[PDB]
Structure formats: C-alpha cells, structure tokens
Amino acid sequence: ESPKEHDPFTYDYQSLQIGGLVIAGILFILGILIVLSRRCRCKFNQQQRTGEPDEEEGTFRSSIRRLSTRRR
C-alpha cells in the first residue's frame, strides 16, 4: 500500500506546503482589516461625516504617520 503518500513525508514541500498559505492569508487579512480601518479615519472626523467618533481609535493611525518623518 501507499499510506505514506497521504502524509507530507513523501513530499519535501513540508515547509513550502503551508508557507505560501500563511503569508498570503496575512496580506488579505491585513487587507480586510486595513480596508475597514480606512473608514475609521473618515468616520472619526465628525466634520468629514455626520457620524460621531467610534472604535475609540480616532486619528490613532495618524500617529503612525509620524513614524514616516518623525524627528524634524
């Protein structure tokens, strides 16, 4: 019989089997969170939208932009 074929042992792609799957999912997962997150920026500013602050996040992500230039 060939019961080993069922297991990854027969394949040397032991690490490459889940690899692509995990990283790909992280991009899209970050993707979904990121997409919805953008709404927080517009939803936070009452001036931009009638909606009132929410998620308690606010211009929190904006603080990260500082990370781009940081010190003068």
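We number chain A the same way Swiss-Prot does; the residues here are 21-92, in that order.
Recorded method for this deposit: solution NMR.
Even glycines carry a Cβ here, placed using N, Cα and C.
Here is what Swiss-Prot records for this protein:
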- 21-35: topological domain 'Extracellular' (TOPO_DOM)
- 36-56: transmembrane segment (TRANSMEM)
- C60: S-palmitoyl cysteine (LIPID)
- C62: S-palmitoyl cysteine (LIPID)
- 65-92: region 'Disordered' (REGION)
- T79: phosphothreonine (MOD_RES)
- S82: phosphoserine (MOD_RES)
- 83-92: compositional bias 'Basic residues' (COMPBIAS)
- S83: phosphoserine (MOD_RES)
- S88: phosphoserine (MOD_RES)
- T89: phosphothreonine (MOD_RES)
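Projection of Swiss-Prot feature records onto the structure.
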| residue | record | DSSP class |
| --- | --- | --- |
| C60 | S-palmitoyl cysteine | helix |
| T79 | phosphothreonine | coil |
| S88 | phosphoserine | helix |
_Please give me the CB contact count at 10 A for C60 (S-palmitoyl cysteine), counting all chains in the structure._
18
*For the topological domain 'Extracellular' (21-35), what are the DSSP-based totals of helix, strand and coil residues?*
5 helix, 0 strand, 10 coil
*Run through the Cβ atoms and count how many others sit within 10 Å of the one on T89 (phosphothreonine).*
7
*Report, in whole Å, the straight Cα-to-Cα distance of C60 (S-palmitoyl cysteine) from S88 (phosphoserine).*
20
*Which modified residues sit within 10 Å of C60 (S-palmitoyl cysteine) - Cα, from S82, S83, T89*: none
